[PDB]
Colleague: 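First the structure, then my questions, so here it is.
Just so you know, these numbers use all the heavy atoms, side chains as well, and skip hydrogens, waters and symmetry mates. Labels below follow one simple rule: chain letters A, B, ... track the order of the sequence lines, proteins then strands, and each chain is numbered from 1. We count ligands from 1, going down the list as the structure has it; atoms in each ligand are counted the same way.
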Amino acid sequence: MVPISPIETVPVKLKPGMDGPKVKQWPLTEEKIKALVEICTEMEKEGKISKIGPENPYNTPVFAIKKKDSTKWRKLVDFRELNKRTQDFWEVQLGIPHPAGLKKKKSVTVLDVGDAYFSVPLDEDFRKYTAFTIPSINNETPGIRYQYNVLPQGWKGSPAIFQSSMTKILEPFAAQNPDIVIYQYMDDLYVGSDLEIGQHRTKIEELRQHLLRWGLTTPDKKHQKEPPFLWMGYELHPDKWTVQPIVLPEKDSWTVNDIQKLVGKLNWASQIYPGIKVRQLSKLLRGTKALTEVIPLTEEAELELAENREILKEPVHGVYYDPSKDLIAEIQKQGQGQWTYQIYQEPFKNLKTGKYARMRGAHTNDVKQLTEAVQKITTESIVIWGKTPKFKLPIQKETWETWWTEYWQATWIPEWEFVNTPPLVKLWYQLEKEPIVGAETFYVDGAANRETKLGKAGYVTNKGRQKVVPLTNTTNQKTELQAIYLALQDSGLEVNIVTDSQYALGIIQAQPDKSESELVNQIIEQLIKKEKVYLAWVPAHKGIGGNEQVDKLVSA
Amino acid sequence: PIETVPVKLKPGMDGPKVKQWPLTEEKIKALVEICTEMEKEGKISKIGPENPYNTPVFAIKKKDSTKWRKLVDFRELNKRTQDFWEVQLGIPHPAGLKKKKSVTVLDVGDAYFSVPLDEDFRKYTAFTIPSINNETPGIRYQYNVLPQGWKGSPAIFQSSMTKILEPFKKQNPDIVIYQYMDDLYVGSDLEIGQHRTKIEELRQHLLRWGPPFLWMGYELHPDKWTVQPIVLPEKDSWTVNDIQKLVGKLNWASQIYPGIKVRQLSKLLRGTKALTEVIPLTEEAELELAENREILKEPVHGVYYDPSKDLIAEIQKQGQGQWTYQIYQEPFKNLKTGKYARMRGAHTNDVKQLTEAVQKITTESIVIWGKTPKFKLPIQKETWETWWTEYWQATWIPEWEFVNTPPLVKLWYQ
Ligand SMILES: Cc1cc(C#N)cc(C)c1Oc1nc(NC2CCN(Cc3ccc(S(N)(=O)=O)cc3)CC2)nc2ccsc12
Ligand SMILES: [Mg+2]
């Protein structure tokens, strides 16, 4: 007997106030009971469960299930009730590595640890909660009652406690072997290194040597799966990586669940397939929760899908990470609020790709979206590589300086350089900071009756130019914008405009270059055509000439 | 320090479960080294998966030093931690601190590591050093002693501190010492020369009665802190535009001050005149303007600090490195206003400047009222939350919300 270290037990509790489960054991057929007794007898021999007396008041139902060509019977303990009453745990396995953050490893071994999984003892004081009962034949004797000594399959805490137990055991080996990497997930242990295969097969031996200190038997993963590894949806190849094949289903009838799955795949694909677009397709599922509901595809959605198919024709691959090289991110504007990016260290060899879609909103502009894309890529890069990439942006240095120095909010983009790849992001208008000498001054106003929705919009100027337009089905806010629109329409290339509309100022001072409001869009188009616009605000109803005059003209 | 102090959360509240945000490799490496030493010294211990709580951690560099400091963001735990009345019903905030000619700020948070933390409360201090690219499980720790940044640390330590200060306080009856979180504020009215040494005299005190950053001193001169009343232009020729802007400013001010009038000034704007046309001031308008100027000299009325309400701080970007701000509890009743310029270190970085403004404003609020304000920041949430930790140099963290619509009133503090 070679003494083996015990695996430290994790203390476990039920949620405060809650007690253990008390679920009735279903009736089983004689055949299923015999099967369960055999399985459980073997499991007891191995130490996994132990017979208990009748004092234990808890119970979880057990089932017997059958398979296709393995005419066996398999056991099943339905811990659904016990899981509801078990404390929460730290789940250490939320995110997975992204392949583009990994470094090449000459050699990779995969060990199997499903057997070591059962060496992990269950906290003694908690075992009572795992009790279950095998009913007796014909119900004529007491049922055989058992409880678990090890982490039950399907119990809430088994994944976290197993992973934590393995990491702790592996800790010393990894720290004293800086020339190898060890990754665990489920019953698989992945060991990689840049050592020659013989000298790497010895590290593996030493790892078994180490694992046996806790009596952990671990041989090579049976049926060593040839490259690539099918892991978490990727094809990890020795020199490259990819998503597993992306095949877009052909269809004449497209349904809610089809377009959801279609975006799913397209989204998954967009991390290596550059230029993927999903706005129009995503757009079609605006507010439907019946996944069987069929939806016609807008001609802009068919064009987008067919665009995706073309990108999906030939498989694309990424390269792994080299920390001695620079990290670079390049962004392109795709239109309709959509943005695409590549991250690379050498030209034409992407680590990964991605996309960004603009946030919901009434008004927006290209620079704000580009800024948001940059922040998204920044944060994704800190996760994957632990550092910010250098950016290549389709915006002139001079455009950015004008934008941020004049924008009412604080804003910042990290180290970047211009890349002259159209379309370029630009500022489409810039309001004057001071009134324009020699430019006509338009005093604008509008108003609407809340009952009838009839309104008026118009202006009076210092040259005696005047206009009032009657309007139907309108509101105060719309008439206030309509008035500004009329002044832009009817003025020369330079114009001073005086409004009392705090609503209109709030929109225009946000510097939109595009709107979901056709009327705001029309104002933007007019601003683009002007040479100079000074927009002045005054408070309503204060006797401010011009303002007072036009307020009267429009307040019918 | 033998006996721990019984600590609990507030009724019907669990511990924090706050996501760790991503950290650069250089901050992870710094935290690994720091926590390895803290673990050797017994200040923190590894924890198992039966602990589900979490508080974010990052690393900073204190002003004017090169060594990384661990900073835990205990904001969630602090608001879930029971309100504290350590030994007395409350230490009254010293209204005299804000009047001292010089106030130096000391990081005394390291003194907390000498007091054990109630063993039942430790689990709520859990935190994670994350790995890069999720390549290994984050390193999980909890505190065994009073942590820096936690509400309860000064409260629990307040007995131990009052004694360390007694001989110094007994000797210097006119020096004012105020403790906030990890910081000690020490104000004197004597020239900086002896002030600096007197500060060193207090360090040696804490050094004999006992630090990685205790050596530093953040110097303040709140007697020289300047407010910003409302000012109207003095001009010899007023254009239509000038008068329109003046009427707009006075109309805004009339919500703050009684008796502001714009009738006579508006009277000048009769007709529909060119914005650049010069308008001579009548006598009735000049008098009205003079009366408004006078009203604006006097302070606002009935402005009192209500200690049961939050302090709100609003900030405006004025451009060219200048920032204005107002602190208040109810709208239009400012308790403090201010203006900053030439934030050193970022003439080309808005966000760095705003982060420094937030820290300076928070420092002023601690001095004047003993608590931090809730900020209304002129910045998009995603930009702020990507970058502020890169420029943060304080050991506390206030709360903040984001302004997405441009306030029209930026112009009237311009
Ligand atoms: C070891 C491991 C395996 C899997 C899987 N499934 C997933 C992760 C996250 C793993 O964990 C780490 N993986 C790496 N790099 C990669 C680089 C690319 N390859 C694929 C490959 C290489 C060699 C052969 S080969 N010639 O032996 O047939 C076949 C396949 C695997 C290793 N780096 C780290 C750093 C810390 S953890 C970790
Ligand atoms: Mg009106």
Side-chain angles (χ1 to χ4, degrees), chain A residues 93 95-111 113 167 170 174-175 177-198 200-201 203-204 207 220-221 224-242 244 317-323 351 384-386 443-449 455-460 468 475-477 479-484 498-504 537-544 546-556, chain B residues 25 131-137:
Chain A
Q93 53 282 7
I96 56 182
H98 190 282
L102 298 178
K103 278 179 296 183
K104 277 173 296 186
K105 303 306 174 182
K106 292 185 176 179
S107 326
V108 168
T109 312
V110 177
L111 290 62
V113 298
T167 293
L170 295 161
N177 288 277
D179 54 356
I180 77 173
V181 307
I182 310 175
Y183 183 80
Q184 221 220 294
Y185 210 70
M186 298 196 317
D187 293 284
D188 301 322
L189 270 185
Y190 300 89
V191 193
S193 79
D194 281 349
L195 313 177
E196 74 160 19
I197 185 56
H200 163 107
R201 282 288 141 179
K203 293 278 188 174
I204 299 292
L207 176 54
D220 278 60
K221 179 171 183 175
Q224 271 280 9
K225 302 167 181 52
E226 284 272 316
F229 299 145
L230 303 188
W231 170 76
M232 301 301 290
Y234 300 96
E235 295 186 356
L236 311 182
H237 301 263
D239 186 48
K240 314 283 187 176
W241 73 268
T242 310
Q244 288 157 21
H317 297 274
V319 299
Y320 297 116
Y321 181 54
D322 180 359
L351 288 166
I384 296 174
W385 300 283
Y443 295 84
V444 305
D445 200 7
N449 183 295
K456 291 175 186 177
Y459 60 73
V460 303
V468 179
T475 72
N476 283 326
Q477 291 191 333
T479 61
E480 293 169 359
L481 289 169
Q482 183 71 27
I484 292 160
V498 181
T499 181
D500 66 41
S501 173
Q502 307 184 48
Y503 165 74
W537 179 85
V538 297
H541 296 131
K542 291 301 183 180
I544 286 155
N547 178 265
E548 180 180 20
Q549 274 72 345
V550 63
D551 170 80
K552 283 198 166 190
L553 292 180
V554 304
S555 298
Chain B
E25 175 157 24
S131 67
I132 293 185
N133 194 32
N134 290 287
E135 293 179 354
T136 54

Colleague: Among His98(A), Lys103(A), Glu226(A), which one has a heavy atom closest to atom 17 (C) of ligand 1?
Modeller: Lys103(A)

Colleague: Determine yes or no for a side-chain-to-main-chain donor-acceptor pair under 3.5 angstrom, with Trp537(A) supplying the side chain and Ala504(A) the backbone.
Modeller: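 The answer is no, because no donor-acceptor pair under 3.5 Å joins these two groups.
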
Colleague: Give the ring-plane orientation class for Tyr183(A) versus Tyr190(A), where under 30° counts as parallel, over 60° as perpendicular and anything between as tilted.
Modeller: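 Correct class here is tilted.
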
Colleague: Measuring from atom 19 (N) of ligand 1, which candidate in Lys104(A), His237(A), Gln224(A) has the nearest non-hydrogen atom?
Modeller: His237(A)

Colleague: Considering only protein heavy atoms, which is closest to atom 14 (C) of ligand 1, and at what distance to one decimal place?
Modeller: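 Result: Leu102(A) CD2, 3.7 Å.
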
Colleague: What is the closest protein heavy atom to atom 21 (C) of ligand 1, and at what distance does it sit?
Modeller: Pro238(A) CA, 3.9 Å

Colleague: Of all the N, O or S atoms in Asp551(A), which one sits nearest to the Mg ion (ligand 2)?
Modeller: OD1

Colleague: Have a look at ligand 1 and work out which part of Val108(A), if any, has a heavy atom under 4.0 Å from it: side chain, backbone, both or neither.
Modeller: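 Under 4.0 Å from ligand 1, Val108(A) contributes backbone and side-chain atoms.
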
Colleague: Look at atom 4 (C) of ligand 1 and say which protein heavy atom is nearest, naming residue and atom and giving the distance to 0.1 Å.
Modeller: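 Of the protein heavy atoms, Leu236(A) CD1, 3.7 Å lies nearest.
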
Colleague: Give the residue, atom name and distance (to 0.1 Å) of the protein heavy atom nearest atom 9 (C) of ligand 1.
Modeller: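 Here the nearest protein heavy atom works out to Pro97(A) CG, 3.6 Å.
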
Colleague: Taking atom OG of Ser193(A) and atom CG of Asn177(A), what is their separation to the nearest 0.5 Å?
Modeller: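 Going from the OG atom of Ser193(A) to the CG atom of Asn177(A) covers 10.0 Å.
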
Colleague: Within the distance-only criterion (no hydrogens, no angle test), does the side chain of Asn476(A) pair as donor or acceptor with the backbone N or O of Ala448(A) below 3.5 angstrom?
Modeller: yes

Colleague: Given side chains that start at C-beta, do those of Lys105(A) and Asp194(A) come closer than 4.5 Å, heavy atoms only?
Modeller: yes

Colleague: Work out whether the distance between some heavy atom of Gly192(A) and some atom of ligand 1 is less than 4.0 Å.
Modeller: no

Colleague: Starting from atom 38 (C) of ligand 1, find the nearest protein heavy-atom neighbour and note its residue, name and distance.
Modeller: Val181(A) CG2, 3.8 Å

Colleague: To the nearest 0.5 Å, how far apart are CD in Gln477(A) and CD in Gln502(A)?
Modeller: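 Those atoms lie 11.0 Å apart.
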
Colleague: Relative to the heavy atoms of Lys106(A), which atoms of ligand 1 are at a distance of less than 4.0 Å?
Modeller: 26 (N), 27 (O)

Colleague: With no hydrogens and no angle check, is any side-chain donor or acceptor of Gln184(A) less than 3.5 Å from a backbone partner on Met186(A)?
Modeller: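 Side chain of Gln184(A) to backbone of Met186(A): a pair is present.
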
Colleague: Run down the list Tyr185(A), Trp241(A), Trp231(A), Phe229(A) and name the one with the heavy atom closest to atom 29 (C) of ligand 1.
Modeller: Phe229(A)

Colleague: Short N/O distance, under 3.5 Å, between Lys105(A) and ligand 1?
Modeller: no

Colleague: Can you label the angle between the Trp241(A) ring and the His98(A) ring as parallel, tilted or perpendicular, going by 30° and 60°?
Modeller: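 Taking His98(A) first and then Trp241(A), their aromatic rings stand perpendicular (interplane angle over 60°).
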
Colleague: I'd like to know if the side chain of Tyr320(A) and the backbone of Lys240(A) have a donor-acceptor N/O pair within less than 3.5 Å.
Modeller: yes

Colleague: Tell me, please, if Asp445(A) has any N/O/S atom, main chain or side chain, under 2.8 Å from the Mg ion (ligand 2)?
Modeller: yes

Colleague: Write out the residue and atom name of the closest protein heavy atom to atom 1 (C) of ligand 1, then the distance separating them to 0.1 Å.
Modeller: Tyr190(A) CB, 3.0 Å

Colleague: Which atoms of ligand 1 sit under 4.0 Å from any heavy atom of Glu135(B)?
Modeller: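 The list of qualifying atoms is 35 (C), 36 (C), 37 (S).
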
Colleague: I need the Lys221(A) NZ to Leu189(A) CG distance, nearest 0.5 Å.
Modeller: 11.0 Å

Colleague: Closer than 4.0 Å and a protein heavy atom, does any atom meet both conditions relative to atom 33 (N) of ligand 1?
Modeller: yes

Colleague: Just jot down the ligand 1 atoms closer than 4.0 angstrom to any heavy atom of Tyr320(A), in number order.
Modeller: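 Counting from 1, the qualifying ligand atoms are 18 (C).
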
Colleague: Tell me if a side-chain donor or acceptor on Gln549(A) pairs with a main-chain N or O of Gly546(A) at a distance below 3.5 Å.
Modeller: yes

Colleague: Taking atom CD1 of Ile96(A) and atom CE of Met232(A), what is their separation to the nearest 0.5 Å?
Modeller: 3.5 Å

Colleague: With heavy atoms of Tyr183(A) as the reference, note each atom of ligand 1 found under 4.0 Å away.
Modeller: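 Under 4.0 Å from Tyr183(A), ligand 1 has these atoms: 8 (C), 9 (C), 10 (C), 11 (O).
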
